[PDB]
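J.: Input file: model-v1.cif. Contents: mmCIF, C-alpha atoms; chains and numbers go by the auth columns.
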data_entry
#
loop_
_atom_site.group_PDB
_atom_site.id
_atom_site.type_symbol
_atom_site.label_atom_id
_atom_site.label_comp_id
_atom_site.label_asym_id
_atom_site.label_seq_id
_atom_site.Cartn_x
_atom_site.Cartn_y
_atom_site.Cartn_z
_atom_site.B_iso_or_equiv
_atom_site.auth_seq_id
_atom_site.auth_asym_id
ATOM 1 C CA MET A 1 91.465 70.761 116.196 0.00 90 A
ATOM 2 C CA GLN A 2 90.252 71.343 112.636 0.00 91 A
ATOM 3 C CA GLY A 3 86.800 72.917 112.680 0.00 92 A
ATOM 4 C CA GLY A 4 85.444 75.161 115.410 0.00 93 A
ATOM 5 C CA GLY A 5 88.207 77.602 116.258 0.00 94 A
ATOM 6 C CA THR A 6 88.186 80.941 118.062 0.00 95 A
ATOM 7 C CA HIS A 7 87.895 83.019 114.890 0.00 96 A
ATOM 8 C CA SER A 8 85.011 81.417 112.967 0.00 97 A
ATOM 9 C CA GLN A 9 86.620 82.982 109.884 0.00 98 A
ATOM 10 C CA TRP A 10 89.346 85.410 110.954 0.00 99 A
ATOM 11 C CA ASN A 11 88.197 87.297 114.059 0.00 100 A
ATOM 12 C CA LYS A 12 84.650 86.778 115.331 0.00 101 A
ATOM 13 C CA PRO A 13 84.558 84.914 118.692 0.00 102 A
ATOM 14 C CA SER A 14 80.846 85.074 119.517 0.00 103 A
ATOM 15 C CA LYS A 15 79.189 82.447 117.324 0.00 104 A
ATOM 16 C CA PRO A 16 79.644 78.630 117.198 0.00 105 A
ATOM 17 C CA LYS A 17 80.112 78.706 113.426 0.00 106 A
ATOM 18 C CA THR A 18 81.564 75.571 111.811 0.00 107 A
ATOM 19 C CA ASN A 19 81.514 72.238 113.645 0.00 108 A
ATOM 20 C CA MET A 20 83.637 69.963 111.453 0.00 109 A
ATOM 21 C CA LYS A 21 86.319 70.289 108.774 0.00 110 A
ATOM 22 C CA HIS A 22 84.044 69.922 105.744 0.00 111 A
ATOM 23 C CA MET A 23 80.392 70.956 105.440 0.00 112 A
ATOM 24 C CA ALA A 24 77.603 70.964 102.851 0.00 113 A
ATOM 25 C CA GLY A 25 74.485 71.978 104.756 0.00 114 A
ATOM 26 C CA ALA A 26 74.939 75.640 103.865 0.00 115 A
ATOM 27 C CA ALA A 27 73.169 77.059 100.812 0.00 116 A
ATOM 28 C CA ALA A 28 72.382 80.765 100.466 0.00 117 A
ATOM 29 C CA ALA A 29 73.546 82.214 97.147 0.00 118 A
ATOM 30 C CA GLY A 30 76.327 79.783 96.288 0.00 119 A
ATOM 31 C CA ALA A 31 79.410 80.093 98.478 0.00 120 A
ATOM 32 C CA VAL A 32 80.190 83.764 99.017 0.00 121 A
ATOM 33 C CA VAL A 33 78.356 86.091 101.391 0.00 122 A
ATOM 34 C CA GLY A 34 77.266 89.715 101.233 0.00 123 A
ATOM 35 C CA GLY A 35 79.753 90.990 98.677 0.00 124 A
ATOM 36 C CA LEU A 36 80.467 89.368 95.322 0.00 125 A
ATOM 37 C CA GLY A 37 84.122 89.901 94.461 0.00 126 A
ATOM 38 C CA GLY A 38 84.475 87.412 91.631 0.00 127 A
ATOM 39 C CA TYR A 39 83.736 83.704 91.977 0.00 128 A
ATOM 40 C CA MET A 40 86.349 81.951 89.828 0.00 129 A
ATOM 41 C CA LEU A 41 90.075 81.267 90.223 0.00 130 A
ATOM 42 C CA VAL A 42 91.564 82.918 87.134 0.00 131 A
ATOM 43 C CA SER A 43 93.989 85.691 86.181 0.00 132 A
ATOM 44 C CA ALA A 44 93.148 89.302 87.025 0.00 133 A
ATOM 45 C CA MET A 45 93.340 92.210 84.577 0.00 134 A
ATOM 46 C CA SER A 46 96.404 94.442 84.290 0.00 135 A
ATOM 47 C CA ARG A 47 96.821 96.064 87.704 0.00 136 A
ATOM 48 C CA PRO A 48 98.949 99.236 88.191 0.00 137 A
ATOM 49 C CA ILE A 49 101.399 100.003 90.991 0.00 138 A
ATOM 50 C CA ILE A 50 99.543 100.724 94.218 0.00 139 A
ATOM 51 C CA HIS A 51 100.596 103.151 96.937 0.00 140 A
ATOM 52 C CA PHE A 52 100.989 101.066 100.090 0.00 141 A
ATOM 53 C CA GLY A 53 101.481 102.544 103.542 0.00 142 A
ATOM 54 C CA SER A 54 105.117 102.246 102.498 0.00 143 A
ATOM 55 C CA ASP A 55 106.927 102.035 99.157 0.00 144 A
ATOM 56 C CA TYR A 56 108.708 99.044 100.666 0.00 145 A
ATOM 57 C CA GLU A 57 105.587 96.890 100.904 0.00 146 A
ATOM 58 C CA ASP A 58 104.295 97.802 97.438 0.00 147 A
ATOM 59 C CA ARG A 59 107.181 95.613 96.314 0.00 148 A
ATOM 60 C CA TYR A 60 105.554 92.619 98.014 0.00 149 A
ATOM 61 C CA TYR A 61 102.453 93.231 95.895 0.00 150 A
ATOM 62 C CA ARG A 62 103.948 91.570 92.810 0.00 151 A
ATOM 63 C CA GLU A 63 105.217 88.822 95.121 0.00 152 A
ATOM 64 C CA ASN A 64 101.767 87.873 96.427 0.00 153 A
ATOM 65 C CA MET A 65 99.960 88.649 93.182 0.00 154 A
ATOM 66 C CA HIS A 66 98.884 84.999 93.251 0.00 155 A
ATOM 67 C CA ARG A 67 97.860 85.317 96.899 0.00 156 A
ATOM 68 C CA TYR A 68 95.660 88.276 95.976 0.00 157 A
ATOM 69 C CA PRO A 69 92.211 86.917 94.948 0.00 158 A
ATOM 70 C CA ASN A 70 90.852 90.439 95.383 0.00 159 A
ATOM 71 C CA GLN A 71 89.656 90.567 91.783 0.00 160 A
ATOM 72 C CA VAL A 72 86.656 92.494 90.457 0.00 161 A
ATOM 73 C CA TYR A 73 83.151 91.046 90.346 0.00 162 A
ATOM 74 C CA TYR A 74 80.787 90.879 87.363 0.00 163 A
ATOM 75 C CA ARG A 75 77.099 91.774 87.047 0.00 164 A
ATOM 76 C CA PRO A 76 74.854 93.444 84.388 0.00 165 A
ATOM 77 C CA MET A 77 74.249 97.121 85.163 0.00 166 A
ATOM 78 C CA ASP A 78 74.019 100.627 83.701 0.00 167 A
ATOM 79 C CA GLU A 79 73.555 102.912 86.707 0.00 168 A
ATOM 80 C CA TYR A 80 75.552 106.142 86.446 0.00 169 A
ATOM 81 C CA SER A 81 77.237 107.515 89.571 0.00 170 A
ATOM 82 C CA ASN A 82 80.334 109.215 90.998 0.00 171 A
ATOM 83 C CA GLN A 83 83.486 107.359 89.936 0.00 172 A
ATOM 84 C CA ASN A 84 84.919 108.367 93.316 0.00 173 A
ATOM 85 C CA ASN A 85 82.204 107.192 95.733 0.00 174 A
ATOM 86 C CA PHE A 86 80.413 104.530 93.667 0.00 175 A
ATOM 87 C CA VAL A 87 83.694 102.608 93.449 0.00 176 A
ATOM 88 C CA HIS A 88 84.631 103.249 97.085 0.00 177 A
ATOM 89 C CA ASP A 89 82.012 100.608 97.845 0.00 178 A
ATOM 90 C CA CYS A 90 83.235 98.091 95.269 0.00 179 A
ATOM 91 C CA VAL A 91 86.639 98.249 96.957 0.00 180 A
ATOM 92 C CA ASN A 92 85.356 95.994 99.753 0.00 181 A
ATOM 93 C CA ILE A 93 83.173 93.813 97.517 0.00 182 A
ATOM 94 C CA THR A 94 86.387 93.109 95.638 0.00 183 A
ATOM 95 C CA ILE A 95 88.094 92.397 98.961 0.00 184 A
ATOM 96 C CA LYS A 96 85.467 89.818 99.958 0.00 185 A
ATOM 97 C CA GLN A 97 87.231 87.158 97.884 0.00 186 A
ATOM 98 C CA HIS A 98 90.440 87.951 99.769 0.00 187 A
ATOM 99 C CA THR A 99 88.536 87.658 103.053 0.00 188 A
ATOM 100 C CA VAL A 100 86.986 84.235 102.450 0.00 189 A
ATOM 101 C CA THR A 101 90.533 82.890 102.099 0.00 190 A
ATOM 102 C CA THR A 102 91.475 84.004 105.620 0.00 191 A
ATOM 103 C CA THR A 103 89.595 80.993 107.012 0.00 192 A
ATOM 104 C CA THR A 104 92.543 78.968 105.679 0.00 193 A
ATOM 105 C CA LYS A 105 94.169 79.256 109.118 0.00 194 A
ATOM 106 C CA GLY A 106 92.694 82.346 110.750 0.00 195 A
ATOM 107 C CA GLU A 107 94.269 85.110 108.682 0.00 196 A
ATOM 108 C CA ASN A 108 93.949 88.784 109.632 0.00 197 A
ATOM 109 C CA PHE A 109 94.311 92.270 108.144 0.00 198 A
ATOM 110 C CA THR A 110 96.864 94.661 109.642 0.00 199 A
ATOM 111 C CA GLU A 111 97.304 98.396 109.046 0.00 200 A
ATOM 112 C CA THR A 112 99.550 97.790 106.037 0.00 201 A
ATOM 113 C CA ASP A 113 97.737 94.707 104.714 0.00 202 A
ATOM 114 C CA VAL A 114 94.435 96.581 104.426 0.00 203 A
ATOM 115 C CA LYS A 115 96.306 99.344 102.597 0.00 204 A
ATOM 116 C CA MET A 116 97.388 96.738 100.064 0.00 205 A
ATOM 117 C CA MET A 117 93.891 95.626 99.067 0.00 206 A
ATOM 118 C CA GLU A 118 91.729 98.684 99.888 0.00 207 A
ATOM 119 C CA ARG A 119 93.840 100.597 97.357 0.00 208 A
ATOM 120 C CA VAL A 120 94.391 98.000 94.629 0.00 209 A
ATOM 121 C CA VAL A 121 90.686 97.143 94.613 0.00 210 A
ATOM 122 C CA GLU A 122 89.449 100.732 94.529 0.00 211 A
ATOM 123 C CA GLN A 123 91.860 101.570 91.729 0.00 212 A
ATOM 124 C CA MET A 124 90.667 98.435 89.943 0.00 213 A
ATOM 125 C CA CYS A 125 87.009 99.093 90.784 0.00 214 A
ATOM 126 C CA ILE A 126 87.000 102.442 88.967 0.00 215 A
ATOM 127 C CA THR A 127 88.046 100.516 85.866 0.00 216 A
ATOM 128 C CA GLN A 128 84.826 98.485 85.973 0.00 217 A
ATOM 129 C CA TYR A 129 82.953 101.733 85.318 0.00 218 A
ATOM 130 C CA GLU A 130 85.446 103.041 82.753 0.00 219 A
ATOM 131 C CA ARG A 131 85.132 99.825 80.734 0.00 220 A
ATOM 132 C CA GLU A 132 81.333 99.856 80.635 0.00 221 A
ATOM 133 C CA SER A 133 81.343 103.565 79.800 0.00 222 A
ATOM 134 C CA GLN A 134 83.336 103.206 76.576 0.00 223 A
ATOM 135 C CA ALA A 135 81.069 100.420 75.320 0.00 224 A
ATOM 136 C CA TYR A 136 78.175 102.864 75.637 0.00 225 A
ATOM 137 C CA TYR A 137 79.925 105.783 73.962 0.00 226 A
ATOM 138 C CA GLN A 138 80.745 103.577 70.966 0.00 227 A
ATOM 139 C CA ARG A 139 77.304 101.950 70.884 0.00 228 A
ATOM 140 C CA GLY A 140 74.010 102.496 72.683 0.00 229 A
ATOM 141 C CA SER A 141 70.262 102.238 72.143 0.00 230 A
ATOM 142 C CA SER A 142 67.399 102.796 74.590 0.00 231 A
#
Would it be possible to restate this file's structure as structure tokens?
T.:
Amino acid sequence: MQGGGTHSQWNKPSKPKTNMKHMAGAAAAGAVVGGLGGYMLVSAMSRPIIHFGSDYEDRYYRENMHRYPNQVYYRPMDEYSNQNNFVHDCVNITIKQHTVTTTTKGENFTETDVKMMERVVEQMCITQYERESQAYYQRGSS
């Protein structure tokens, strides 16, 4: 039966979320929830080779590059912080987009799967700070 499964999204059997196949009564901030993680279906920036739980799976990365909507989000900012920790948070926000897709049929994240995104997103998240940093070094006022 389409609509009203035992996952509600991927793995959360405790709430009667979703009643039918299509809905339109929901309206919070657009469509997403909690984390941003992009909002459009386009091409992601140049992503480097990621270290998966195994060098064997990193090969699948380029195979599911289209199945990886874990792209970076956008928002005006200028807060300086640790490139190590500050981005460690963006890693999940960037994963949110990859999570909303799970509802497609009740997808899940295994030990290796999480190693695929958690790494690619962090590594890509740090870039968000390195790109806004150069723009400041070349030009800045008040």
J.: For the PyMOL selection byres ((chain A and resi 142) around 8), applied here, can you spell out every residue it catches as a count of residues only?
T.: 8
J.: Would you kindly return, as a PDB file with C-alpha atoms, keeping the file's coordinate frame, each protein, DNA or RNA residue with an atom no farther than 12 Å from any atom of residue 135 of chain A, considering only C-alpha atoms and excluding same-chain residues fewer than 4 positions away?
T.:
ATOM      1  CA  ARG A 151     103.948  91.570  92.810  1.00  0.00           C
ATOM      2  CA  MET A 154      99.960  88.649  93.182  1.00  0.00           C
ATOM      3  CA  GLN A 160      89.656  90.567  91.783  1.00  0.00           C
ATOM      4  CA  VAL A 161      86.656  92.494  90.457  1.00  0.00           C
ATOM      5  CA  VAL A 209      94.391  98.000  94.629  1.00  0.00           C
ATOM      6  CA  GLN A 212      91.860 101.570  91.729  1.00  0.00           C
ATOM      7  CA  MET A 213      90.667  98.435  89.943  1.00  0.00           C
ATOM      8  CA  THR A 216      88.046 100.516  85.866  1.00  0.00           C
TER       9      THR A 216
END
J.: I need the residue set behind the PyMOL selection byres ((chain A and resi 120-133) around 7) for this file; please write it as a count of residues only.
T.: 14
J.: Take the PyMOL selection byres ((chain A and resi 169) around 12), run it mentally on this structure, and tell me the resulting residues as a list in words.
T.: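 On this input, the PyMOL selection byres ((chain A and resi 169) around 12) captures residues 166, 167, 168, 170, 171, 172, 173, 174, 175, 176, 218, 219, 221, 222 and 225 of chain A.
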J.: For the atom pair atom CA of residue 103 of chain A and atom CA of residue 177 of chain A, what is the interatomic distance in Å to one decimal place?
T.: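 Taking atom CA of residue 103 of chain A as the start and atom CA of residue 177 of chain A as the end point, the length is 29.1 Å.
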J.: For residue 111 of chain A, list every protein, DNA or RNA residue within 12 Å, evaluated using all atoms listed in the file, and leave out those in the same chain fewer than 2 positions away; present the list as number ranges by chain.
T.: A: 91-93, 107-109, 113-115
J.: Could you write those residues out with C-alpha atoms, as a compact mmCIF listing (two decimals), in the frame of the given file?
T.:
# COMPACT_ATOMS: atom_id res chain seq x y z
CA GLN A 91 90.25 71.34 112.64
CA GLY A 92 86.80 72.92 112.68
CA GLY A 93 85.44 75.16 115.41
CA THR A 107 81.56 75.57 111.81
CA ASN A 108 81.51 72.24 113.64
CA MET A 109 83.64 69.96 111.45
CA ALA A 113 77.60 70.96 102.85
CA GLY A 114 74.48 71.98 104.76
CA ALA A 115 74.94 75.64 103.86
J.: From the options A:217, A:99, A:224, A:117, which residue's atoms come nearest to residue 198 of chain A, counting all atoms listed in the file?
T.: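 Counting all atoms listed in the file, the residue closest to residue 198 of chain A is A:99.
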J.: Given 5 Å on each side, where is the centre and what are the edge lengths in Å to one decimal of the axis-aligned box enclosing the listed atoms of segment 211-221 of chain A, as JSON?
T.:
{"center_x": 86.6, "center_y": 100.7, "center_z": 87.6, "size_x": 20.5, "size_y": 14.6, "size_z": 23.9}
J.: Calculate how many Å separate atom CA of residue 150 of chain A from atom CA of residue 203 of chain A, rounding to one decimal.
T.: 12.2 Å
J.: Restricting the calculation to all atoms listed in the file, which member of A:112, A:96, A:210, A:178 is positioned closest to residue 138 of chain A?
T.: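 The shortest atom-to-atom distance to residue 138 of chain A comes from A:210.
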J.: Smallest atom-to-atom distance to residue 101 of chain A: which of A:181, A:192, A:230, A:223, using all atoms listed in the file?
T.: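 Residue with the minimum atom-to-atom distance to residue 101 of chain A: A:192.
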J.: Which of these residues is nearest to residue 100 of chain A, using only C-alpha atoms: A:158, A:229, A:137, A:195?
T.: A:195
